[PDB]
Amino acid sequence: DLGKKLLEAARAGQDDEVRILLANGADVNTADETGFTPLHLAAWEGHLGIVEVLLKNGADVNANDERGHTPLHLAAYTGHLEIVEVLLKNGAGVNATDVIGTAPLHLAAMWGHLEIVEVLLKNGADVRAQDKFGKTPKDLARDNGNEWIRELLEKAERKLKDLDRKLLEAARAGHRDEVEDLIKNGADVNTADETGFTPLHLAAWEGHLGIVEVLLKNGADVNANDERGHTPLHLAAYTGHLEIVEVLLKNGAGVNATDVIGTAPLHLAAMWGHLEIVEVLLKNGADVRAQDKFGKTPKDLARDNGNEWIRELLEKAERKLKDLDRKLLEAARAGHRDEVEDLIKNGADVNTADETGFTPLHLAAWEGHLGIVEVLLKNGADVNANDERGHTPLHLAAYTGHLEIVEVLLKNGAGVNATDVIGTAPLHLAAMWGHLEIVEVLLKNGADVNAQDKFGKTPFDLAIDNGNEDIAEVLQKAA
């Protein structure tokens, strides 16, 4: 229509004819099927006059297209110095990025448009911005033999590394104004010192709520680990900065992060007596059963350090979880799949055991509830768990005669030659109880045919003794 005539006359260089369409009401910000606009094509083709005109007639300088390319991208790709200056003066997004993360500075650094690089930096371009492949403009200029550009961008970078050192000091001291100026002048909020402390670690350790929130506003990694696995939430919870604990959680902080010693935020809060932080972490899902390398839970540290209020609080949080484990054992025996998943979501231990050592996986394999077996293996249930007499779930599957469950357990590393205290292996129970299909599977998986219970009976002997000829034959041909 009236607009399609414009986008075409914009790439043709018909300066005088552009005035005709605009006077007759042709919209200035029309778009095609790929997203291009009269300003894109005038900047791509290098028609400065047509650009300037469209800017007096109000053209969206930062207009994006189907993949987020502004007119400045196109002027940077082609290398039109003048059009770059005219687009920036009208408020062009000097740091605009496409869907790949490519900014105008990347393009000028890759195609060797030195003058445009100077221009873009003059207007506050981000020299450190990485694209999809984690490559800065300097990286591109290096990989394309543009050494004069590589030199300039490298000078820029080392200055910005001084700002990074200052930002770390400003965040520890509490100079909120210094921090904000540093960020405004390109300092990296995710920089780290020698031991991996980022500015968020230091603001969190020292208790600077304002500086914590500013760092988070500018993309700081809330979960950054230092060289020993300590996150900002560890330091907040150690020093007892309740409000920083709250802000860190609200921004994605991991409530159960563990350092190299297995210490979690709830350990420090519990050992050092920060009741409100204990409540906040529990409210946010902290694991009360987590142990450090000394087998100590937060509860143990609490009583060990004479913090009785927190001690009782964690006892009740733990007693509540014992009842879910109890429910998981009965849910796993009865075959109620949906009930199993809910109890796991709410914190049921898939490796709890009753008085005689049966685990939810034992009961599920005994009763032939395959669906629950898969759920329990997919959530970390020990596949080679012994009860108080040495029976694994693979014992209970061969005895009962569940072919499917046997193949699953073996598919997940289940011990095939496990023996109870008597010497009975899964192959004895399969041959004993006439489950030929399970015998087959066991043989393929290295089942020992020479194993003997305390009575000196091989699986072959038990097939013979119990009148299972087909099985005795199979066990005969193997040896």
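The first residue of the shown sequence is 1; numbering continues from there.
Trainee: Output the stretch having the higher mean C-alpha B factor in the entry; the candidates are 184-192 and 357-365.
Mentor: Mean B over CA atoms: larger for 357-365.
Trainee: Going by the average Cα B-factor in the PDB entry, point out whether 9-17 or 466-474 comes out higher.
Mentor: Taking the mean C-alpha B-factor of 9-17 and of 466-474, the larger value falls to 9-17.
Trainee: From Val288, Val86, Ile277, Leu168, pick the one with the largest CA B-factor in the entry?
Mentor: The record points to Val86.
Trainee: If you compare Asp221, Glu82, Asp139, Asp162, which has the highest Cα B-factor in the entry?
Mentor: The record points to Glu82.
Trainee: Could you place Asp177 in the lowest, middle or highest third of its chain by Cα temperature factor, using the values in the record?
Mentor: For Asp177, whose C-alpha B-factor we compare with every modelled residue in the chain, the answer is the lowest third.
Trainee: Please place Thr78 in the lowest, middle or highest third of its chain according to the CA B-factor in the PDB entry.
Mentor: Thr78: CA B-factor falls in the middle third of its chain.
Trainee: Using the temperature factors of the C-alpha atoms in this entry, rank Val260 within its chain: lowest, middle or highest third.
Mentor: It belongs to the lowest third of the chain when residues are ordered by C-alpha B-factor.
Trainee: By its CA B factor, does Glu118 count among the lowest, middle or highest third of the modelled residues in the chain?
Mentor: CA B-factor rank for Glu118: middle third.
Trainee: Please rank the C-alpha B-factors of the chain's modelled residues and tell me whether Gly93 sits in the lowest, middle or highest third.
Mentor: As the PDB entry reports it, the C-alpha B-factor of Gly93 lands in the highest third of its chain.
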